[PDB]
Ligand SMILES: CCCCCCCCCCCCO[C@@H]1O[C@H](CO)[C@@H](O[C@H]2O[C@H](CO)[C@@H](O)[C@H](O)[C@H]2O)[C@H](O)[C@H]1O
Ligand SMILES: [Zn+2]
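Shown next as structure tokens:
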């Protein structure tokens, strides 16, 4: 039919997938802390381990859609499995194993969905793939905005008319029917828009490999659930992957090439840093929003409205959509990014010195997330081939996986013990982390500009 139509369908199903996913992420930590009894340390480590899994998962999932099942087939399978996972989240049973298994299913589903939906856009546009991917990114952002604003409100509302459960599980249901809606979209536009795409979807499904894939999917679901349960297991796995990438980069260097390689290394550790800084919003910043922020949002000086802590995360995509058209009107952009993130974290750090009544800020979250999200926008060029100045393109992925977990253990530095609820005492330990992160980010700014001549040497 058209290229715009195909890109439309893939951006649509993408939009709804991300709607579901972020609809869950916005509430997951608060679920583990408030509804479940987890302490914020375990919440951080677990959610970040899961995040690492989710972000390293599409590696395998991408190869499956290209080389075994149909890219469209794999995408769909991922969507269905995702729906199943959220469905598992929706049943009101406070059984840690149950939720962990649900998370495993979500991980697998994502690994199968994300990289193949991304391949489609690339095949629908065969340099205008950037024109596509930007719009794509925007669709992702509006979806994620809608969900991150909707689901916490569902959580609160249902928790009022009914007792504790569902409330949370209701929200997870919202995610689920989000996925179902997306799948309905695809179904109503399948051969219509998509039509042509995939490396091996031109034939019927090979039931042997489909079987072995579903089996191994169950197996990976189990592996996931177990990794999530035991903190030490997660620690060992992640640490192992760390030794792996350490070794890979160790061997890569073993005269003229080093100008590209060392630069790539400094770059990849910078990426690690940046992803820690990102991971902070999912955890410690979210927790901070929950325990040390006046949920009463005032437009100086009236009242509308009243935040629900999770909804503060919705500030991230909103600001992205707002400041994107402004920026529309060179590894130094990395440095700019790090600096902007820095002053964001200083705003969170300076949240104590001003606007404080115990738990008070509100606007600190807004300007903070503004700066931080701008900083996110500034580093769109994380591309694996971008550091490819010389394996490293691969190891980069795994390192970028571990980065998340590390972000978790960083957010653990502002772990508030459960028996401490006097916010007047909790506020500093957050602003101590946040003021400390601000300084760290500035060092990263120095790193970026210092390694900039090494980018000039190769050229
Ligand atoms: C596709 C992109 C679309 C983006 C727009 C998305 C719209 C978001 C819809 C849901 C918004 C709900 O988010 C907001 O949650 C807060 C906190 O519970 C609600 O707060 C509401 O109930 C609380 C508690 O009874 C009251 O104190 C408050 O006066 C009232 O507004 C708001 O009514 C709601 O606006
Ligand atoms: Zn300071």
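Numbering (full-length UniProt numbering), first residue to last: 8 to 133, 137 to 264, 268 to 342, 356 to 416, 424 to 492.
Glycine residues also receive a C-beta, built at the ideal position from the N, C-alpha and C atoms.
Along the alpha helix (DSSP H) that carries residue i, what are the first and last residues, could you check?
i           : result
residue 7   : Because the chain spans 8 through 492 in this model, residue 7 falls outside it and cannot be assessed.
residue 385 : Careful: residue 385 lies outside any alpha helix (DSSP H) and carries neither H nor E.
residue 209 : It is not in any alpha helix (DSSP H) - residue 209 carries neither H nor E in the DSSP assignment.
residue 414 : Per DSSP, residue 414 belongs to no alpha helix (DSSP H) and is neither H nor E.
residue 13  : 10 to 37
residue 234 : 217 to 239
residue 407 : No alpha helix (DSSP H) holds residue 407; DSSP gives it neither H nor E.
residue 378 : No alpha helix (DSSP H) holds residue 378; DSSP gives it neither H nor E.
residue 157 : 138 to 171
residue 70  : 65 to 74
residue 471 : 456 to 483
residue 329 : 328 to 340
Give a yes or no on whether the C-beta atoms belonging to residue i and residue j are separated by under 9 angstroms.
i           : j           : result
residue 160 : residue 120 : no
residue 61  : residue 93  : no
residue 43  : residue 165 : no
residue 474 : residue 365 : yes
residue 277 : residue 414 : yes
residue 448 : residue 207 : no
residue 192 : residue 362 : no
residue 123 : residue 297 : no
residue 440 : residue 292 : yes
residue 234 : residue 477 : no
residue 387 : residue 306 : yes
residue 231 : residue 431 : no
residue 196 : residue 16  : yes
residue 378 : residue 455 : no
residue 360 : residue 280 : yes
residue 401 : residue 290 : yes
residue 248 : residue 67  : no
residue 262 : residue 412 : no
residue 169 : residue 28  : no
residue 336 : residue 399 : yes
residue 370 : residue 464 : no
residue 26  : residue 188 : yes
residue 8   : residue 202 : yes
residue 30  : residue 184 : yes
residue 54  : residue 239 : no
Does residue i come out as helix, strand or coil in the three-state DSSP assignment?
i           : result
residue 492 : coil
residue 448 : coil
residue 111 : helix
residue 51  : helix
residue 429 : helix
residue 296 : coil
residue 43  : coil
residue 199 : coil
residue 101 : coil
residue 249 : helix
residue 258 : helix
residue 397 : helix
residue 132 : coil
residue 487 : helix
residue 189 : helix
residue 264 : coil
residue 436 : helix
residue 356 : coil
residue 287 : helix
residue 314 : coil
residue 364 : helix
residue 280 : helix
In the DSSP output, which residue or residues are listed as bridge partners for residue i?
i           : result
residue 319 : 309
Is the Cβ of residue i closer than 9 angstroms to any Cβ of chain D?
i          : result
residue 26 : Given the protein chain composition of this structure (a single chain), no chain D is represented.
For the region 213 to 224 and the region 68 to 77, state whether three or more C-beta atom pairs, one from each stretch, are separated by less than 8 angstroms. Taking 8 angstroms as the limit for Cβ pairs, the verdict is that the region 68 to 77 does touch the region 213 to 224.
So, do the region 93 to 105 and the region 174 to 183 have three or more beta carbon pairs nearer to each other than 8 angstroms? As far as the Cβ criterion goes, the region 93 to 105 touches the region 174 to 183, which means the pair count is three or higher.
Count the C-beta pairs between the region 25 to 41 and the region 219 to 229 that are closer than 8 angstroms, then say yes if the count reaches three, no if not. Result no; under three Cβ-Cβ pairs closer than 8 angstroms.
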